[PDB]
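I have placed the structure first, in the form of structure tokens, so that the comments after it can refer back to it.
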Amino acid sequence: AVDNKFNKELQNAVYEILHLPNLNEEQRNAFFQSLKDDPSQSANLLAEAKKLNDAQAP
Amino acid sequence: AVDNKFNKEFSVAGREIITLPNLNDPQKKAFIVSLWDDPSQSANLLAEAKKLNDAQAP
């Protein structure tokens, strides 16, 4: 029974999603909720947030 | 049981911390780790981060 906490991936994804300039507050909150619920998906969720950020570029 | 959700406090304090212009990268990352881990302490963490920012003004 390995204990995976996903510290590296989760902490990076939280920090990077806070940093993405083009997301609105509700979108950020949705990502944070997904991260809190399933840290194993942190890399996919960060990738999805980056795509959304880019699609909302000015 | 009461469910204290700190989604808004996290995003708001987190955005304020990550935008303080005089904090360095590891400082911001450390604050965000502490905030994610205990979001009930958002007010204290933001206050500490703001003081640090102001002590590092150019």
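In what follows, every heavy atom counts, from backbone to side chain, and hydrogens, waters and symmetry copies are set aside. Every chain is numbered from 1 and lettered A, B, ... according to where its sequence line falls, protein lines coming before strand lines.
With sequence neighbours excluded, no residue forms a salt bridge (charged side-chain N to carboxylate O under 4.0 Å, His left out) with A:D37. When the salt bridge (charged side-chain N to carboxylate O under 4.0 Å, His left out) test is applied to B:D37, no partner is found at least two apart in sequence or on another chain.
The closest side-chain heavy-atom distance from A:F31 to A:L46 is not below 4.5 Å. A 4.5 Å side-chain heavy-atom check between B:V2 and B:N4 finds at least one atom pair inside the cut-off. B:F6 places none of its side-chain heavy atoms less than 4.5 Å from the side chain of B:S42. Between A:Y15 and A:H19 the shortest side-chain heavy-atom distance falls below 4.5 Å.
Between the side chain of A:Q11 and the backbone N or O of A:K8 there is no donor-acceptor pair closer than 3.5 Å. The backbone N or O of A:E25 lies less than 3.5 Å from no partner atom in the side chain of B:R15, so there is not a single donor-acceptor pair. Remark: side-chain polar atoms of A:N22 are not paired, donor with acceptor, to backbone N or O of A:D54 under 3.5 angstrom. Of the possible polar contacts, none joining the B:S11 side chain to the B:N7 backbone as a donor-acceptor pair under 3.5 Å is found.
Listed by first and then second residue, the ring-ring contact (aromatic ring centres under 6.0 Å, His included) pairs that reach into residues 22-58 of chain B are B:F10-B:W36, sequence neighbours excluded.
Note that CG of B:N24 and NZ of B:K29 are 10.0 Å apart. Values are rounded to the nearest 0.5 Å. Annotation: the span from A:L20 atom CG to A:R28 atom CZ amounts to 6.5 Å, rounded to 0.5 Å. Between the CG atom of A:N53 and the CD1 atom of A:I17 there is a distance of 10.0 Å, given to the nearest 0.5 Å. Here CG of B:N22 is found 8.0 Å from NZ of B:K50. Values are rounded to the nearest 0.5 Å. Here the straight-line distance linking atom NZ of B:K51 with atom CG of B:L20 works out to 13.5 Å at 0.5 Å rounding. Here CG of A:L10 is found 11.5 Å from NZ of A:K5. Values are rounded to the nearest 0.5 Å.
Residue B:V33 is not grouped with residue A:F32 when hydrophobic side chains (ILVMFWY) are merged at heavy-atom distances under 4.5 angstrom, including chains of intermediate members. Residues A:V14 and B:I18 share a single hydrophobic cluster, defined by chaining ILVMFWY side chains whose heavy atoms lie under 4.5 Å apart.
For the residue pair B:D38 and B:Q41, no side-chain donor N or O sits within less than 3.5 Å of a side-chain acceptor on the partner.
For the residue pair B:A49 and B:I17, the shortest heavy atom distance occurs at CB-CG1, 4.0 Å.
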